[PDB]
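A short write-up of the structure that comes next.
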Amino acid sequence: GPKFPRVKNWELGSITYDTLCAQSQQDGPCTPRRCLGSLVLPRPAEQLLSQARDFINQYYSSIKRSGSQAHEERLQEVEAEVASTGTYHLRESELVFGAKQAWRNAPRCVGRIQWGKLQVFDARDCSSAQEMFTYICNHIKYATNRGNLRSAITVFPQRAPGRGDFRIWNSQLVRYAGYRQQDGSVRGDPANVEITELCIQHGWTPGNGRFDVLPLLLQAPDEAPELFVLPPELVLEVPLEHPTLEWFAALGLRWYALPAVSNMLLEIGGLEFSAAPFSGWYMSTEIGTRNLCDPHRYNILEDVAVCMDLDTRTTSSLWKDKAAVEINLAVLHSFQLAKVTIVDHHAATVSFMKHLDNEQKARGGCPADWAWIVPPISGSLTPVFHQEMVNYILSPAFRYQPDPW
Amino acid sequence: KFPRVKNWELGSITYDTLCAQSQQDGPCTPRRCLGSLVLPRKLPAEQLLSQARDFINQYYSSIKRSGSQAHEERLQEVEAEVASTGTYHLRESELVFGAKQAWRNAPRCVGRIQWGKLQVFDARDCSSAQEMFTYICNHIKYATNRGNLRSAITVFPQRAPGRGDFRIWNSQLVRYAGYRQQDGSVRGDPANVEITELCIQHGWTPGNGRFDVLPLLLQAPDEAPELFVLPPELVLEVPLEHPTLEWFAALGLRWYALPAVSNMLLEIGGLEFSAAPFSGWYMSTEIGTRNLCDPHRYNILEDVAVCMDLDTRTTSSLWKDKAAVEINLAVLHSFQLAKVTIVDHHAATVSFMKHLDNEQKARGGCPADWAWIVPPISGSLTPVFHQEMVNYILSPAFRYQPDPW
Ligand code: HEM
Ligand code: HEM
Ligand SMILES: Fc1cccc(CCNCCc2ccnc(-n3ccnc3)n2)c1
Ligand SMILES: Fc1cccc(CCNCCc2ccnc(-n3ccnc3)n2)c1
Ligand SMILES: C[C@H](O)[C@H](O)[C@H]1CNc2nc(N)[nH]c(=O)c2N1
Ligand SMILES: C[C@H](O)[C@H](O)[C@H]1CNc2nc(N)[nH]c(=O)c2N1
Ligand SMILES: [Zn+2]
């Protein structure tokens with residue numbers, strides 16, 4: 001057969017080959033000796049120019065002007081700029097393409113069917129932390145759009161030689177506080193203890209609830225971060241209830257509408273955008289299973305199961321399985337009622353199978369991380385479970401980056 | 001570098017150093033990860049000799065006599081036998097140790113806490129299909145044990161340069177027939193259509209139920225395969241009911257007690273055993289979720305859901321998730337009622353974490369395949385979801401091999 005990974009779908013019996021992987025220039029963590037595919041983190045002039053060149057070619061290819069005068073002129077322009085400044089700058093429509101291409105390239109995102117329909121806010125003029133705040137507020141208002149959510153990303157200035165970075169300290173634009181107690185436990189979200197304690201250290205007067213929205217710690221170059229409270233009206237939340245278990249509302253659970261990742265680095269043609277928050281809309285298991293039920297997050301599974309009156313003293317009653325299902329139903333139902341966009345794991349994964357089909361035709365494959373694409377309840381009930389996937393790093397890219405503290 | 005392996009629920013950290021002992025490539029490279037592929041693409045005197053020496057070293061070291069008379073003397077026997085014949089033979093105790101270590105090394109098996117408790121039947125003195133069937137019926141009898149199941153492996157004669165293999169054509173010892181209908185559909189288990197047809201073409205008179213136990217096709221070397229019907233009393237089945245849903249039993253569903261894999265190759269010290277069926281006991285999700293609910297298997301989700309009276313018209317009612325839970329519950333209830341050994345996915349994964357811990361102390365690691373260890377429902381509800389895992393191949397090993405036709 002072809003000298004390319006063969007990829008099989010075990011439900012349908014169908015076969016493809018991934019030719020796209022040939023274009024990866026960046027090693028992941030696996031070797032022939034051992035697979036490290038389940039780990040979460042995978043821890044200069046000539047280097048830059050070759051990455052810049054690569055990207056500019058991708059751009060010209062995407063507008064069908066590869067080999068052209070305009071193309072060879074853009075390349076010259078970029079070697080000359082690097083020649084005398086050590087860096088270069090992207091045209092506007094280049095950044096729009098890079099950003100969409102980084103999303104499209106993200107192996108862990110199941111929402112990629114929407115990749116072409118992404119609003120890109122250029123914020124590369126931003127010169128202060130106050131100005132970040134405004135740009136961020138504007139993003140939240142656009143993206144939230146009173147519950148009818150819209151994909152977006154706001155791109156702050158790139159890293160620059162010698163000068164410090166623009167950074168958002170928060171991992172999301174909207175996260176709930178985590179308060180370490182005298183008895184060792186935690187009130188709120190245990191995932192957020194450190195950022196909470198940093199916000200206090202920097203002068204935030206802390207609340208004491210389970211669902212206190214955190215302030216933003218925003219940092220402009222070579223400056224201490226500054227603290228900004230989001231105005232409550234901008235932060236859409238949804239109270240949780242259940243369609244038939246009338247008591248479920250009594251639990252006082254709630255989640256926010258807008259999932260916005262704010263500590264990832266966006267890399268395009270070697271340029272590094274250290275602050276570039278993006279947002280989409282939730283898939284229901286992000287909230288109902290991971291956020292609410294992880295042992296190390298809100299961990300509410302026993303609580304709900306006791307209210308449902310299940311036998312929590314024995315694994316084989318499947319009490320965890322039942323309660324998680326009903327928590328997920330409540331998330332779905334409560335967002336529908338409140339007219340806030342959300343997608344269930346069945347719909348989401350169907351749409352991702354379609355994306356895979358599209359990309360197979362458009363590019364000869366799709367980098368995908370199986371363990372993240374498959375949801376954390378009802379795995380094999382979704383079609384992605386039965387699809388082999390090939391995982392690799394393409395550029396443009398979103399990458400993790402070390403916390404700034 | 002030895003990889004760092006984090007558990008994300010507890011914050012703990014290990015380093016796998018056991019992977020340094022892998023002598024066998026898997027499918028990944030640093031350019032792309034193929035960890036989600038089910039099969040390898042794939043489907044010498046100095047070499048056999050060094051694999052042999054290594055295995056013998058493992059054995060003598062296992063029983064603590066590394067260096068003794070008997071150790072050096074046994075290495076020479078092996079050297080003398082390969083030099084003269086191109087092969088060698090294992091002593092029975094060596095075989096017992098190799099089979100146990102093959103199970104222990106299997107990265108996809110969640111049952112490995114049990115690895116030391118394995119009954120090994122030595123069937124290397126077997127010269128016909130007839131004899132294989134007798135050995136098979138004794139394996140089934142022992143392993144079944146009137147429902148008090150017990151781990152077992154029966155080992156038929158090794159592969160030999162001169163000649164065809166001993167093979168069990170069936171992929172498991174007990175399996176339900178899949179009969180293709182003129183109008184494309186399938187009565188019984190669609191996974192077994194092909195082997196159902198081969199049984200018919202080598203003589204078997206077929207039935208017409210959804211749960212017809214298949215005969216075995218057993219092949220002695222260079223001979224047409226031969227057909228043997230299992231005595232119905234050797235094959236213990238469990239009818240399926242639900243603890244509270246009265247109608248569930250009248251669906252007619254059932255399943256067999258003994259999960260016995262009959263098509264994998266067992267490799268020890270470079271020697272290869274093409275027929276070496278093994279069995280343990282079921283993890284309930286193997287039956288409730290995959291066997292009964294996969295779209296390409298019995299595919300009963302819709303049926304159950306309508307009986308439960310759920311809204312099938314939309315995914316966001318989570319009817320599939322609800323039905324799947326009740327089916328897995330029926331399976332555990334029904335096996336508990338019939339006094340047949342079963343383990344649920346919660347108890348199983350808990351015991352696998354314990355096993356990881358024993359193996360970190362004993363060997364400095366444990367090869368595991370995260371996509372296989374994490375169950376098909378309620379993934380993140382189980383501790384293995386949160387646990388990073390390193391996958392690699394150690395010998396002795398179970399391997400896949402071609403269907404012999
Ligand atoms: C449009 C709706 C979207 C949906 C439903 C969606 C869904 C998801 C989901 C379920 C994950 C898994 C992350 C987790 O559970 O922790 C994910 C990861 C990701 N998504 Fe999206 N996404 C969407 C939009 C976007 C957009 C607009 C971007 C970028 C512009 C994006 C980039 C990513 C990236 C980079 C990851 C990986 C994050 C990580 O590794 O921690 N997604 N997405
Ligand atoms: C004693 C109870 C046992 C349990 C609960 C158990 C459980 C499992 C499970 C859940 C899997 C994944 C299989 C699937 O559904 O696809 C598996 C795979 C496997 N188990 Fe076990 N197992 C047991 C005993 C054994 C024994 C005795 C052996 C060998 C002698 C063994 C060897 C394997 C191997 C080689 C695989 C990989 C099969 C493949 O790749 O298709 N297991 N086991
Ligand atoms: F504790 C950790 C250390 C490193 C990475 C990690 C995973 C973070 N994953 C972010 C998931 C996330 C959150 C909000 N919003 C999105 N999102 C938005 C659009 N597409 C995805 N994704 C955890
Ligand atoms: F269609 C396929 C092509 C290649 C591999 C495949 C997976 C089969 N995997 C074994 C499943 C299985 C069945 C019964 N019993 C066990 N078993 C017994 C002890 N441990 C596991 N395992 C399917
Ligand atoms: C250890 C394992 O890699 C880790 O727990 C992964 C598994 N799959 C995931 N999948 C998604 N979508 N998000 C995650 O955070 C994780 N966590
Ligand atoms: C494509 C994917 O690798 C395949 O469906 C795997 C996923 N994980 C699995 N895990 C187990 N335990 N058994 C399986 O058959 C599978 N199938
Ligand atoms: Zn890999």
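Letters for chains follow the order of the structure tokens (A, B, ...), residue numbers begin at 1 for each chain, and ligand numbers begin at 1 in the order shown.
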- Task: Would you mind writing down, as an MDAnalysis selection string, each residue of range 186-378 of chain B that DSSP on the backbone assigns to alpha helix (DSSP H)?
- Result: chainID B and resid 193:201 284:285 292:293 301:308 319:337 345:363 370:373
- Message: Residues contacting ligand 4 - anything with an atom at most 7 Å away, using only C-alpha atoms and all ligand atoms - can you give me those as a PyMOL selection string?
- Response: chain B and resi 38-39+109+111+172+259-261+278-281
- Task: Considering only C-alpha atoms, return as number ranges by chain whatever protein or nucleic-acid residues lie within 9 Å of residue 222 in chain B, sequence-local ones (same chain, fewer than 4 positions apart) excluded.
- Result: B: 163-166
Any chance you can output those residues with C-alpha atoms as an mmCIF file, in the first residue's frame?
```cif
data_model
loop_
_atom_site.group_PDB
_atom_site.id
_atom_site.type_symbol
_atom_site.label_atom_id
_atom_site.label_comp_id
_atom_site.auth_asym_id
_atom_site.auth_seq_id
_atom_site.Cartn_x
_atom_site.Cartn_y
_atom_site.Cartn_z
ATOM 1 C CA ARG B 163 5.878 -26.743 8.609
ATOM 2 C CA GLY B 164 2.460 -25.237 9.075
ATOM 3 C CA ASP B 165 1.149 -24.014 12.437
ATOM 4 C CA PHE B 166 -1.242 -25.483 14.944
#
```
- Please write out the residues within 7 Å of ligand 5 as a ChimeraX atom specification, counting only C-alpha atoms and all ligand atoms. /A:38-40,108,371-376 /B:7-8,385-388
Next, write the just-selected residues to a file, as an mmCIF file, in the first residue's frame, keeping C-alpha atoms as the atom set.
```cif
data_model
loop_
_atom_site.group_PDB
_atom_site.id
_atom_site.type_symbol
_atom_site.label_atom_id
_atom_site.label_comp_id
_atom_site.auth_asym_id
_atom_site.auth_seq_id
_atom_site.Cartn_x
_atom_site.Cartn_y
_atom_site.Cartn_z
ATOM 1 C CA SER A 38 -1.251 9.825 26.963
ATOM 2 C CA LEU A 39 0.876 12.477 28.742
ATOM 3 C CA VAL A 40 -0.643 15.969 29.113
ATOM 4 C CA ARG A 108 -7.194 18.262 21.081
ATOM 5 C CA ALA A 371 -7.717 10.455 24.267
ATOM 6 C CA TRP A 372 -8.952 14.097 24.208
ATOM 7 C CA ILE A 373 -11.373 13.785 21.326
ATOM 8 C CA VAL A 374 -13.270 10.915 22.978
ATOM 9 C CA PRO A 375 -15.502 12.273 25.763
ATOM 10 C CA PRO A 376 -15.116 11.256 29.414
ATOM 11 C CA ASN B 7 -1.238 11.179 38.095
ATOM 12 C CA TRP B 8 -3.371 14.283 37.707
ATOM 13 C CA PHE B 385 -8.380 8.218 33.307
ATOM 14 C CA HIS B 386 -6.330 10.619 35.379
ATOM 15 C CA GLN B 387 -3.219 8.498 35.258
ATOM 16 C CA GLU B 388 -0.530 8.924 32.591
#
```
Residue neighbourhood residue 78 in chain B, 8 Å, only C-alpha atoms, exclusion window fewer than 2 positions, as a compact mmCIF listing (two decimals) with N, CA and C atoms, in the first residue's frame:
```txt
# COMPACT_ATOMS: atom_id res chain seq x y z
N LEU B 49 19.09 -16.89 19.47
CA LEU B 49 19.98 -17.19 20.58
C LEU B 49 20.05 -16.08 21.64
N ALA B 52 16.78 -16.03 23.56
CA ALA B 52 16.78 -17.19 24.43
C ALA B 52 17.59 -16.94 25.72
N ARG B 53 18.87 -16.59 25.56
CA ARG B 53 19.74 -16.26 26.70
C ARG B 53 19.04 -15.28 27.65
N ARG B 74 22.12 -24.59 31.80
CA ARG B 74 20.92 -24.51 31.01
C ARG B 74 21.09 -23.60 29.79
N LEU B 75 21.94 -22.57 29.95
CA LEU B 75 22.35 -21.71 28.84
C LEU B 75 23.12 -22.47 27.77
N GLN B 76 24.00 -23.36 28.19
CA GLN B 76 24.74 -24.20 27.25
C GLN B 76 23.81 -25.13 26.49
N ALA B 80 23.75 -25.15 22.61
CA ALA B 80 24.02 -26.41 21.88
C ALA B 80 22.85 -26.81 20.98
N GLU B 81 21.63 -26.54 21.41
CA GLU B 81 20.49 -26.95 20.66
C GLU B 81 20.23 -26.02 19.46
N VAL B 82 20.41 -24.71 19.64
CA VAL B 82 20.28 -23.81 18.50
C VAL B 82 21.40 -23.99 17.47
N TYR B 88 15.14 -24.60 19.76
CA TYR B 88 15.27 -25.24 21.08
C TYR B 88 13.89 -25.49 21.72
N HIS B 89 13.89 -26.08 22.92
CA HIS B 89 12.65 -26.31 23.64
C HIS B 89 12.71 -25.84 25.07
```
- Task: Give the residues close to ligand 6, within 6 Å, counting only C-alpha atoms and all ligand atoms; write them as a PyMOL selection string.
- Result: (chain A and resi 385-388) or (chain B and resi 36-38+371-373)
For the residues selected in the previous step, produce a file with N, CA and C atoms as a short mmCIF file (atom, residue, chain, number, x, y, z; two decimals), in the first residue's frame.
```cif
data_model
loop_
_atom_site.label_atom_id
_atom_site.label_comp_id
_atom_site.auth_asym_id
_atom_site.auth_seq_id
_atom_site.Cartn_x
_atom_site.Cartn_y
_atom_site.Cartn_z
N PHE A 385 -14.88 7.11 19.07
CA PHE A 385 -14.24 6.00 19.77
C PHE A 385 -13.74 4.97 18.74
N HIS A 386 -14.53 4.72 17.70
CA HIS A 386 -14.21 3.67 16.73
C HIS A 386 -13.31 4.09 15.56
N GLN A 387 -12.80 5.31 15.63
CA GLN A 387 -11.96 5.88 14.59
C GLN A 387 -10.51 5.99 15.07
N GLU A 388 -9.62 5.32 14.39
CA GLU A 388 -8.20 5.53 14.62
C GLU A 388 -7.83 6.94 14.18
N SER B 36 -3.30 5.01 18.83
CA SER B 36 -4.74 4.60 18.76
C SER B 36 -5.07 3.52 17.76
N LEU B 37 -4.07 3.10 16.98
CA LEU B 37 -4.25 2.03 16.02
C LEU B 37 -4.43 0.73 16.81
N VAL B 38 -5.39 -0.09 16.40
CA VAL B 38 -5.63 -1.41 17.00
C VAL B 38 -4.58 -2.48 16.61
N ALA B 371 -5.77 3.94 26.15
CA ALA B 371 -7.01 3.88 25.37
C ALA B 371 -7.74 2.59 25.61
N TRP B 372 -7.00 1.54 25.97
CA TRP B 372 -7.61 0.22 26.27
C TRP B 372 -7.94 0.02 27.72
N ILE B 373 -7.11 0.60 28.60
CA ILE B 373 -7.33 0.45 30.06
C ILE B 373 -8.54 1.28 30.57
#
```
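Residues of protein or nucleic acid lying within 7 Å of ligand 3, counting only C-alpha atoms and all ligand atoms, are residues 40, 41, 109, 111, 172, 259, 260, 261, 278, 279, 280 and 281 of chain A.
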- Item | Distance query residue 102 in chain B at most 8 Å, only C-alpha atoms, self and fewer than 5 positions along chain excluded, as a PyMOL selection string | chain B and resi 266-268+395-398
- Which chains and residue numbers are within 6 Å of ligand 7, counting only C-alpha atoms and all ligand atoms, if I want them as a list in words?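 Every residue with an atom at most 6 Å from ligand 7 is listed here: residues 30, 35, 36 and 37 of chain A; 28, 33, 34 and 35 of chain B.
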